$ cat entry.cif   # mmCIF, N, CA and C atoms
data_input
loop_
_atom_site.label_atom_id
_atom_site.label_comp_id
_atom_site.auth_asym_id
_atom_site.auth_seq_id
_atom_site.Cartn_x
_atom_site.Cartn_y
_atom_site.Cartn_z
N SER Q 438 133.46 127.20 161.02
CA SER Q 438 132.62 127.93 160.09
C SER Q 438 133.03 127.57 158.66
N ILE Q 439 132.27 128.08 157.70
CA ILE Q 439 132.54 127.91 156.28
C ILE Q 439 132.27 129.26 155.61
N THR Q 440 133.33 129.95 155.20
CA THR Q 440 133.18 131.31 154.71
C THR Q 440 132.45 131.32 153.37
N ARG Q 441 131.91 132.49 153.03
CA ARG Q 441 131.04 132.72 151.87
C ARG Q 441 129.73 131.94 151.94
N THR Q 442 129.39 131.35 153.09
CA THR Q 442 128.21 130.53 153.27
C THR Q 442 127.60 130.88 154.62
N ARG Q 443 126.30 131.22 154.62
CA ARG Q 443 125.65 131.76 155.80
C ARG Q 443 125.53 130.77 156.96
N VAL Q 444 125.81 129.48 156.73
CA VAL Q 444 125.79 128.49 157.81
C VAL Q 444 127.14 128.56 158.52
N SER Q 445 127.20 129.36 159.59
CA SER Q 445 128.45 129.71 160.25
C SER Q 445 128.25 129.69 161.76
N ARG Q 446 129.37 129.54 162.47
CA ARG Q 446 129.39 129.53 163.94
C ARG Q 446 128.61 128.35 164.51
N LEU Q 447 128.93 127.16 164.01
CA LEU Q 447 128.50 125.89 164.59
C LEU Q 447 129.63 125.30 165.42
N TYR Q 448 129.28 124.34 166.28
CA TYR Q 448 130.22 123.65 167.14
C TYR Q 448 130.41 122.21 166.68
N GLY Q 449 131.49 121.61 167.15
CA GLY Q 449 131.88 120.26 166.77
C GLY Q 449 133.24 120.24 166.08
N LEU Q 450 133.74 119.02 165.92
CA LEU Q 450 135.00 118.76 165.22
C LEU Q 450 134.69 118.10 163.88
N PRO Q 451 135.09 118.63 162.72
CA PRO Q 451 134.60 118.07 161.46
C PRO Q 451 135.23 116.73 161.14
N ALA Q 452 134.52 115.96 160.31
CA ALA Q 452 135.05 114.74 159.72
C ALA Q 452 135.85 115.00 158.45
N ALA Q 453 135.96 116.25 158.00
CA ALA Q 453 136.70 116.54 156.78
C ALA Q 453 138.19 116.27 156.96
N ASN Q 454 138.77 116.79 158.04
CA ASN Q 454 140.18 116.58 158.35
C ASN Q 454 140.34 116.63 159.86
N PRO Q 455 139.99 115.54 160.56
CA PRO Q 455 140.07 115.58 162.03
C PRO Q 455 141.48 115.64 162.57
N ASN Q 456 142.49 115.21 161.81
CA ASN Q 456 143.84 115.15 162.34
C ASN Q 456 144.50 116.52 162.46
N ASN Q 457 143.94 117.55 161.80
CA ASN Q 457 144.53 118.89 161.76
C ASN Q 457 146.00 118.84 161.34
N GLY Q 458 146.30 117.99 160.36
CA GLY Q 458 147.65 117.86 159.86
C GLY Q 458 148.62 117.15 160.78
N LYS Q 459 148.17 116.66 161.93
CA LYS Q 459 149.05 116.03 162.91
C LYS Q 459 149.07 114.52 162.72
N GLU Q 460 150.24 113.92 162.96
CA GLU Q 460 150.39 112.49 162.72
C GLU Q 460 149.63 111.66 163.75
N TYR Q 461 149.38 112.19 164.94
CA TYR Q 461 148.71 111.43 165.99
C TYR Q 461 148.42 112.35 167.17
N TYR Q 462 147.40 111.97 167.93
CA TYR Q 462 147.13 112.50 169.26
C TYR Q 462 147.54 111.47 170.30
N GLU Q 463 147.79 111.95 171.52
CA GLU Q 463 148.30 111.11 172.60
C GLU Q 463 147.58 111.44 173.90
N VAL Q 464 147.36 110.40 174.71
CA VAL Q 464 146.81 110.53 176.06
C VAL Q 464 147.54 109.53 176.94
N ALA Q 465 148.15 110.02 178.03
CA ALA Q 465 149.00 109.21 178.88
C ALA Q 465 148.58 109.34 180.34
N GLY Q 466 148.78 108.26 181.09
CA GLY Q 466 148.45 108.24 182.50
C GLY Q 466 148.78 106.92 183.17
N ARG Q 467 148.05 106.62 184.24
CA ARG Q 467 148.25 105.42 185.05
C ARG Q 467 147.25 104.34 184.66
N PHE Q 468 147.63 103.09 184.91
CA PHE Q 468 146.79 101.92 184.66
C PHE Q 468 146.81 101.06 185.91
N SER Q 469 145.63 100.68 186.39
CA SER Q 469 145.47 99.91 187.63
C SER Q 469 144.58 98.72 187.32
N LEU Q 470 145.17 97.52 187.40
CA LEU Q 470 144.53 96.27 187.01
C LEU Q 470 144.47 95.33 188.19
N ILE Q 471 143.41 94.52 188.23
CA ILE Q 471 143.24 93.46 189.22
C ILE Q 471 142.72 92.24 188.47
N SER Q 472 143.60 91.27 188.21
CA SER Q 472 143.32 90.11 187.38
C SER Q 472 143.51 88.83 188.17
N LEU Q 473 143.14 87.72 187.54
CA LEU Q 473 143.17 86.38 188.13
C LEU Q 473 144.19 85.54 187.37
N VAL Q 474 145.19 85.03 188.09
CA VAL Q 474 146.32 84.32 187.49
C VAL Q 474 146.64 83.08 188.32
N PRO Q 475 147.40 82.13 187.75
CA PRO Q 475 147.83 80.96 188.53
C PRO Q 475 148.65 81.34 189.77
N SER Q 476 148.84 80.34 190.64
CA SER Q 476 149.44 80.53 191.95
C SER Q 476 150.58 79.54 192.16
N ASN Q 477 151.55 79.96 192.97
CA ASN Q 477 152.80 79.22 193.20
C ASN Q 477 153.22 79.39 194.65
N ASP Q 478 153.80 78.33 195.23
CA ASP Q 478 154.29 78.35 196.61
C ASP Q 478 153.18 78.70 197.60
N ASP Q 479 152.18 77.83 197.64
CA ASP Q 479 150.90 78.07 198.31
C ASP Q 479 150.41 76.72 198.82
N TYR Q 480 149.13 76.64 199.21
CA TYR Q 480 148.46 75.54 199.92
C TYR Q 480 148.75 75.54 201.42
N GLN Q 481 149.56 76.46 201.94
CA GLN Q 481 149.77 76.55 203.38
C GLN Q 481 150.14 77.99 203.73
N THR Q 482 150.26 78.24 205.03
CA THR Q 482 150.61 79.56 205.53
C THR Q 482 152.11 79.82 205.37
N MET N 1 139.07 46.32 251.51
CA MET N 1 139.85 46.71 250.29
C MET N 1 138.97 46.58 249.03
N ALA N 2 138.73 45.35 248.57
CA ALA N 2 137.80 45.15 247.47
C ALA N 2 136.36 45.56 247.84
N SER N 3 136.05 45.69 249.14
CA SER N 3 134.86 46.40 249.61
C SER N 3 135.15 47.86 249.96
N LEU N 4 136.41 48.19 250.27
CA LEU N 4 136.82 49.59 250.34
C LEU N 4 136.52 50.33 249.04
N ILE N 5 136.44 49.65 247.90
CA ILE N 5 136.07 50.35 246.67
C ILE N 5 134.62 50.82 246.73
N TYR N 6 133.72 50.01 247.30
CA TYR N 6 132.35 50.45 247.52
C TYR N 6 132.30 51.58 248.54
N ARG N 7 133.03 51.41 249.65
CA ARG N 7 133.13 52.48 250.65
C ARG N 7 133.66 53.77 250.04
N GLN N 8 134.57 53.67 249.07
CA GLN N 8 135.14 54.85 248.43
C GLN N 8 134.14 55.50 247.49
N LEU N 9 133.41 54.69 246.72
CA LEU N 9 132.30 55.21 245.93
C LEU N 9 131.32 56.00 246.80
N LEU N 10 130.90 55.41 247.92
CA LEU N 10 130.02 56.10 248.86
C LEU N 10 130.64 57.41 249.35
N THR N 11 131.84 57.33 249.92
CA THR N 11 132.54 58.51 250.45
C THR N 11 132.66 59.62 249.41
N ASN N 12 133.07 59.28 248.19
CA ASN N 12 133.29 60.26 247.14
C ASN N 12 132.04 60.55 246.31
N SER N 13 130.88 60.05 246.74
CA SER N 13 129.61 60.43 246.12
C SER N 13 129.38 61.93 246.00
N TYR N 14 129.99 62.74 246.90
CA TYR N 14 129.79 64.19 246.86
C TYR N 14 130.19 64.81 245.53
N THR N 15 131.12 64.18 244.80
CA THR N 15 131.63 64.78 243.56
C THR N 15 130.59 64.76 242.44
N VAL N 16 129.54 63.95 242.57
CA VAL N 16 128.39 64.03 241.66
C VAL N 16 127.84 65.46 241.62
N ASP N 17 127.75 66.10 242.79
CA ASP N 17 127.23 67.46 242.85
C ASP N 17 128.16 68.44 242.15
N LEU N 18 129.47 68.30 242.37
CA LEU N 18 130.44 69.15 241.68
C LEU N 18 130.35 68.96 240.17
N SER N 19 130.16 67.72 239.72
CA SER N 19 130.05 67.48 238.28
C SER N 19 128.78 68.11 237.71
N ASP N 20 127.66 68.01 238.43
CA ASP N 20 126.44 68.69 237.99
C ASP N 20 126.64 70.20 237.95
N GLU N 21 127.41 70.74 238.90
CA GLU N 21 127.68 72.17 238.91
C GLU N 21 128.53 72.58 237.71
N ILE N 22 129.54 71.77 237.38
CA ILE N 22 130.30 71.95 236.14
C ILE N 22 129.36 72.00 234.94
N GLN N 23 128.55 70.94 234.79
CA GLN N 23 127.62 70.84 233.66
C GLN N 23 126.72 72.06 233.53
N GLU N 24 126.24 72.59 234.66
CA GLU N 24 125.30 73.71 234.59
C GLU N 24 126.00 75.05 234.42
N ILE N 25 127.22 75.21 234.95
CA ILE N 25 127.90 76.51 234.95
C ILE N 25 128.72 76.71 233.68
N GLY N 26 129.48 75.70 233.25
CA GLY N 26 130.26 75.82 232.04
C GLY N 26 129.42 76.15 230.82
N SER N 27 128.21 75.60 230.75
CA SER N 27 127.34 75.88 229.61
C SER N 27 126.77 77.29 229.64
N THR N 28 126.80 77.97 230.79
CA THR N 28 126.47 79.39 230.88
C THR N 28 127.68 80.29 230.71
N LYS N 29 128.89 79.76 230.92
CA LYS N 29 130.13 80.52 230.83
C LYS N 29 131.11 79.84 229.87
N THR N 30 130.59 79.42 228.72
CA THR N 30 131.40 78.91 227.62
C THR N 30 131.66 80.02 226.62
N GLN N 31 132.85 79.99 226.02
CA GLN N 31 133.27 81.01 225.08
C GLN N 31 132.95 80.54 223.66
N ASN N 32 132.39 81.45 222.86
CA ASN N 32 132.05 81.14 221.48
C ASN N 32 133.27 80.64 220.71
N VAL N 33 133.10 79.52 220.02
CA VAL N 33 134.17 78.97 219.20
C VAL N 33 134.46 79.92 218.05
N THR N 34 135.75 80.07 217.72
CA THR N 34 136.20 80.83 216.56
C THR N 34 137.00 79.91 215.66
N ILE N 35 136.66 79.91 214.37
CA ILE N 35 137.29 79.01 213.41
C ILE N 35 138.60 79.61 212.92
N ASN N 36 139.55 78.73 212.62
CA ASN N 36 140.75 79.09 211.87
C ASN N 36 140.44 78.91 210.39
N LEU N 37 140.41 80.02 209.66
CA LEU N 37 140.07 79.96 208.24
C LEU N 37 141.14 79.18 207.47
N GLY N 38 140.75 78.68 206.30
CA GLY N 38 141.62 77.88 205.48
C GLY N 38 142.78 78.69 204.94
N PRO N 39 143.84 78.03 204.46
CA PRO N 39 144.98 78.79 203.90
C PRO N 39 144.64 79.58 202.64
N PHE N 40 143.50 79.32 202.00
CA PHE N 40 143.08 80.06 200.82
C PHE N 40 142.30 81.30 201.25
N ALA N 41 141.69 81.98 200.28
CA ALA N 41 140.82 83.12 200.52
C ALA N 41 139.59 82.94 199.65
N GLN N 42 138.41 82.90 200.28
CA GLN N 42 137.17 82.55 199.60
C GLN N 42 136.67 83.72 198.75
N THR N 43 137.43 84.02 197.70
CA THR N 43 137.03 84.99 196.71
C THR N 43 136.09 84.35 195.69
N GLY N 44 135.35 85.20 194.99
CA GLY N 44 134.37 84.76 194.01
C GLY N 44 134.33 85.70 192.82
N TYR N 45 133.13 86.09 192.42
CA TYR N 45 132.93 87.05 191.35
C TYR N 45 132.87 88.46 191.95
N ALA N 46 132.71 89.44 191.07
CA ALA N 46 132.55 90.84 191.42
C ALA N 46 131.09 91.21 191.34
N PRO N 47 130.71 92.44 191.75
CA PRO N 47 129.30 92.81 191.62
C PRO N 47 128.90 92.98 190.17
N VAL N 48 128.08 92.04 189.70
CA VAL N 48 127.61 91.97 188.32
C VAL N 48 126.23 92.60 188.24
N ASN N 49 126.07 93.55 187.32
CA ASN N 49 124.76 94.06 186.91
C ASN N 49 124.59 93.85 185.41
#

$ encode --input "entry.cif" --output "structure tokens"
Amino acid sequence: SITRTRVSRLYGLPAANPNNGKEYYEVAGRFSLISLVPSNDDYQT
Amino acid sequence: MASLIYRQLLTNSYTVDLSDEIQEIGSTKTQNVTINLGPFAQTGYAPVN
């Protein structure tokens, strides 16, 4: 909201100060990758 | 002897029938060939949309 102003009780996160005084936000978890790379000790069973 | 070979051909003529029986029966009771795949794995692309 913005006090002294009738435009109040809206939703969203403002662009005025999105950090809320914090140096950073963090999100942590697992990473699962399937990539294509060279091959070694192969050409047979 | 050298005519015994003709006599032997005649005598053993019966095996023609056994060979025909082989030819006709094996082709009805043959097992489907299964391939040994290569040492690689035939990978390609992923499902692209």

$ resolve_selection --input "entry.cif" --expression "the PyMOL selection byres ((chain N and name CA) within 9 of (chain Q and name CA))" --output "MDAnalysis selection string"
chainID N and resid 38:40

$ atom_distance --input "entry.cif" --atom1 "atom CA of residue 41 of chain N" --atom2 "atom N of residue 471 of chain Q"
17.0 Å

$ atom_distance --input "entry.cif" --atom1 "atom CA of residue 44 of chain N" --atom2 "atom CA of residue 467 of chain Q"
26.5 Å

$ select_by_dssp --input "entry.cif" --residues "chain N" --states "helix (DSSP H, G or I)" --output "JSON list (two decimals) with N, CA and C atoms, in the coordinates of the input"
[["chain", "number", "residue", "atom", "x", "y", "z"],
["N", 4, "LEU", "N", 136.41, 48.19, 250.27],
["N", 4, "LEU", "CA", 136.82, 49.59, 250.34],
["N", 4, "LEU", "C", 136.52, 50.33, 249.04],
["N", 5, "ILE", "N", 136.44, 49.65, 247.90],
["N", 5, "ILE", "CA", 136.07, 50.35, 246.67],
["N", 5, "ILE", "C", 134.62, 50.82, 246.73],
["N", 6, "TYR", "N", 133.72, 50.01, 247.30],
["N", 6, "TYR", "CA", 132.35, 50.45, 247.52],
["N", 6, "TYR", "C", 132.30, 51.58, 248.54],
["N", 7, "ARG", "N", 133.03, 51.41, 249.65],
["N", 7, "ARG", "CA", 133.13, 52.48, 250.65],
["N", 7, "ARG", "C", 133.66, 53.77, 250.04],
["N", 8, "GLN", "N", 134.57, 53.67, 249.07],
["N", 8, "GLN", "CA", 135.14, 54.85, 248.43],
["N", 8, "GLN", "C", 134.14, 55.50, 247.49],
["N", 9, "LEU", "N", 133.41, 54.69, 246.72],
["N", 9, "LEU", "CA", 132.30, 55.21, 245.93],
["N", 9, "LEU", "C", 131.32, 56.00, 246.80],
["N", 10, "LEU", "N", 130.90, 55.41, 247.92],
["N", 10, "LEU", "CA", 130.02, 56.10, 248.86],
["N", 10, "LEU", "C", 130.64, 57.41, 249.35],
["N", 11, "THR", "N", 131.84, 57.33, 249.92],
["N", 11, "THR", "CA", 132.54, 58.51, 250.45],
["N", 11, "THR", "C", 132.66, 59.62, 249.41],
["N", 12, "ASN", "N", 133.07, 59.28, 248.19],
["N", 12, "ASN", "CA", 133.29, 60.26, 247.14],
["N", 12, "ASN", "C", 132.04, 60.55, 246.31],
["N", 13, "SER", "N", 130.88, 60.05, 246.74],
["N", 13, "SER", "CA", 129.61, 60.43, 246.12],
["N", 13, "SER", "C", 129.38, 61.93, 246.00],
["N", 14, "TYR", "N", 129.99, 62.74, 246.90],
["N", 14, "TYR", "CA", 129.79, 64.19, 246.86],
["N", 14, "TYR", "C", 130.19, 64.81, 245.53],
["N", 15, "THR", "N", 131.12, 64.18, 244.80],
["N", 15, "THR", "CA", 131.63, 64.78, 243.56],
["N", 15, "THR", "C", 130.59, 64.76, 242.44],
["N", 16, "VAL", "N", 129.54, 63.95, 242.57],
["N", 16, "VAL", "CA", 128.39, 64.03, 241.66],
["N", 16, "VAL", "C", 127.84, 65.46, 241.62],
["N", 17, "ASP", "N", 127.75, 66.10, 242.79],
["N", 17, "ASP", "CA", 127.23, 67.46, 242.85],
["N", 17, "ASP", "C", 128.16, 68.44, 242.15],
["N", 18, "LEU", "N", 129.47, 68.30, 242.37],
["N", 18, "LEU", "CA", 130.44, 69.15, 241.68],
["N", 18, "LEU", "C", 130.35, 68.96, 240.17],
["N", 19, "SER", "N", 130.16, 67.72, 239.72],
["N", 19, "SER", "CA", 130.05, 67.48, 238.28],
["N", 19, "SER", "C", 128.78, 68.11, 237.71],
["N", 20, "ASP", "N", 127.66, 68.01, 238.43],
["N", 20, "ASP", "CA", 126.44, 68.69, 237.99],
["N", 20, "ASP", "C", 126.64, 70.20, 237.95],
["N", 21, "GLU", "N", 127.41, 70.74, 238.90],
["N", 21, "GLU", "CA", 127.68, 72.17, 238.91],
["N", 21, "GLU", "C", 128.53, 72.58, 237.71],
["N", 22, "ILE", "N", 129.54, 71.77, 237.38],
["N", 22, "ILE", "CA", 130.30, 71.95, 236.14],
["N", 22, "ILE", "C", 129.36, 72.00, 234.94],
["N", 23, "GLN", "N", 128.55, 70.94, 234.79],
["N", 23, "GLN", "CA", 127.62, 70.84, 233.66],
["N", 23, "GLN", "C", 126.72, 72.06, 233.53],
["N", 24, "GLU", "N", 126.24, 72.59, 234.66],
["N", 24, "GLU", "CA", 125.30, 73.71, 234.59],
["N", 24, "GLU", "C", 126.00, 75.05, 234.42],
["N", 25, "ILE", "N", 127.22, 75.21, 234.95],
["N", 25, "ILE", "CA", 127.90, 76.51, 234.95],
["N", 25, "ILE", "C", 128.72, 76.71, 233.68],
["N", 26, "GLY", "N", 129.48, 75.70, 233.25],
["N", 26, "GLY", "CA", 130.26, 75.82, 232.04],
["N", 26, "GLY", "C", 129.42, 76.15, 230.82]]

$ atom_distance --input "entry.cif" --atom1 "atom N of residue 452 of chain Q" --atom2 "atom CA of residue 439 of chain Q"
12.8 Å

$ decode --input "entry.cif" --residues "chain N" --atoms "C-alpha atoms" --output "compact mmCIF listing (two decimals), in the first residue's frame"
# COMPACT_ATOMS: atom_id res chain seq x y z
CA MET N 1 34.36 -101.74 -57.06
CA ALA N 2 34.54 -98.86 -59.57
CA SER N 3 31.07 -100.17 -60.54
CA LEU N 4 30.30 -100.74 -56.86
CA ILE N 5 30.19 -96.93 -56.76
CA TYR N 6 27.18 -97.03 -59.12
CA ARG N 7 25.70 -99.88 -57.08
CA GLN N 8 26.22 -97.74 -53.96
CA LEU N 9 24.52 -94.71 -55.54
CA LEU N 10 21.57 -96.98 -56.37
CA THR N 11 21.49 -98.61 -52.90
CA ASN N 12 21.76 -95.27 -51.07
CA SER N 13 19.20 -93.55 -53.35
CA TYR N 14 16.77 -93.71 -50.38
CA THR N 15 18.56 -90.77 -48.73
CA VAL N 16 17.13 -88.43 -51.40
CA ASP N 17 13.82 -88.81 -49.57
CA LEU N 18 15.39 -88.02 -46.19
CA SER N 19 17.00 -84.92 -47.70
CA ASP N 20 13.67 -83.76 -49.13
CA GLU N 21 12.14 -84.32 -45.69
CA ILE N 22 14.89 -82.18 -44.14
CA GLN N 23 14.24 -79.45 -46.73
CA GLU N 24 10.49 -79.45 -46.07
CA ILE N 25 10.54 -79.84 -42.25
CA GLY N 26 13.43 -77.58 -41.22
CA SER N 27 11.85 -74.67 -43.08
CA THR N 28 8.67 -75.16 -41.00
CA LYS N 29 10.65 -75.63 -37.74
CA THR N 30 13.40 -73.02 -38.13
CA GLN N 31 14.07 -70.58 -35.30
CA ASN N 32 13.98 -66.84 -35.99
CA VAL N 33 17.48 -65.38 -36.24
CA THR N 34 18.45 -62.92 -33.50
CA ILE N 35 21.18 -60.36 -34.15
CA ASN N 36 24.05 -59.52 -31.82
CA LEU N 37 23.90 -55.73 -31.60
CA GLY N 38 27.04 -53.68 -32.15
CA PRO N 39 29.31 -52.64 -29.26
CA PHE N 40 27.88 -49.10 -29.54
CA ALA N 41 24.36 -47.88 -28.69
CA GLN N 42 22.28 -46.39 -31.51
CA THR N 43 21.34 -43.17 -29.74
CA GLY N 44 20.22 -40.09 -31.64
CA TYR N 45 18.36 -36.88 -30.84
CA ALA N 46 15.67 -36.26 -28.22
CA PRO N 47 11.99 -35.53 -28.86
CA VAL N 48 12.11 -32.15 -30.59
CA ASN N 49 9.05 -29.91 -30.86
